[PDB]
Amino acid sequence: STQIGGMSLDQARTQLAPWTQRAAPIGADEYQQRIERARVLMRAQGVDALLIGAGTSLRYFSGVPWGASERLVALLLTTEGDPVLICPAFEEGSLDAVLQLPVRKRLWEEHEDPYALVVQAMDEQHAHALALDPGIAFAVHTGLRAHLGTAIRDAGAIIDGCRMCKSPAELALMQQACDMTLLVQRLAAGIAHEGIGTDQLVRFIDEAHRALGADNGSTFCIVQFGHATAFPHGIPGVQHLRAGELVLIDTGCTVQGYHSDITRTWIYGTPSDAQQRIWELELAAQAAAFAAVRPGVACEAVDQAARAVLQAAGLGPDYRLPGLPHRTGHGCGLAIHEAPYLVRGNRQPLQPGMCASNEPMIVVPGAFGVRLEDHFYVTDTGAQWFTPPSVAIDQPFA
């Protein structure tokens, strides 16, 4: 009965001191190890240059945490020497302040062509086999094509083959973000009451992540009530809570860029039989997916394990509704969604240090949905939860 409702704003505020179990930042040597692993995968693929654009992969490789813009900010890695950092001249100051890796800077004034610098740096090292970051804007392919006549490969296999398996230091940053968001989830369930707005919960979760010391409040937040829980990614519009509705809250933060991403679905007031039944089936499907995880297991096998529970209960098969209309889970790291994907058709074997969500949501069309989301990482012999799963329809927190 006790986790849902009855907590005031300022009672909740009393649990929101800055978080004091702070994981260490990624250190210099770890950035060099990332570069070295990228070089190994480059040579494996027969490529001799890699271009990484601003975003999660530039951060991974260099520390630079800036979002992509219309101006090319990029790392060009070749098989030897400090990687080249292509960046607007006016930003040099700022760049030097966030860089965690020694680089050769190649700066361009506003009217200069930054893609000519990439190719000039290629030509300097006799590199003629470029792989380009699949996350980068298409525009960069156009700019490179004005100067570069050889095939441009997709760098996805190189990037994933680095980022998929998390180091201990990555796992602890993730763990920190997750503990923080779990606390936030718990307090939002506490402050809930008849008539509370979805927007009031969203603003609260944001204030709470901030108080705790997230990099930037809530990375995202989804709050849905009642029938609106039937849409995996929700519909526009504010709702107000009523007894008898499910509440689905999916939110997360970052800590040094590393993401949490947790969904809780709980009853406010008394559940129907149908709500209970679906809610227990969801917990069961999530548990079977977790139980399937260890080294060597194909990513699709984990998704299949979830569907097997649904299907033994008369749901599915496949994506059929009522059932699980989307994949079981996604990888998580510096990006909310990254490889590997726990999806039908993905033969990728799971390996120690891989991180993914386990969120086999059930949708009952016309009625509601239940999504329980906790992330795990693969160990040497099985998996570990970052956050323990829910206990019951009215006990969202183990």
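Throughout, we count residues from 1 along the sequence that is shown.
When the mean C-alpha temperature factors of 97-105 and 155-163 are read from the deposited coordinates, 97-105 comes out higher. If you average the C-alpha B-factors over 129-137 and over 175-183, the higher value belongs to 175-183. For the set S69, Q45, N358, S57, the maximum C-alpha B-factor listed in the entry falls on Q45. Ranking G143, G252, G323, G190 by Cα temperature factor from the entry places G190 first. Ranked by C-alpha B-factor against the other modelled residues of its chain, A89 falls in the lowest third.
In this PDB entry, the Cα temperature factor of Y258 sits in the bottom third of its chain's modelled residues, the lowest group. Among the modelled residues of its chain, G333 has a C-alpha B-factor that falls in the lowest third, as given in the PDB entry. Split the chain's modelled residues into thirds by C-alpha temperature factor. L75 is in the lowest one. Sort the chain's modelled residues by C-alpha temperature factor and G53 lands in the lowest third, per the entry.
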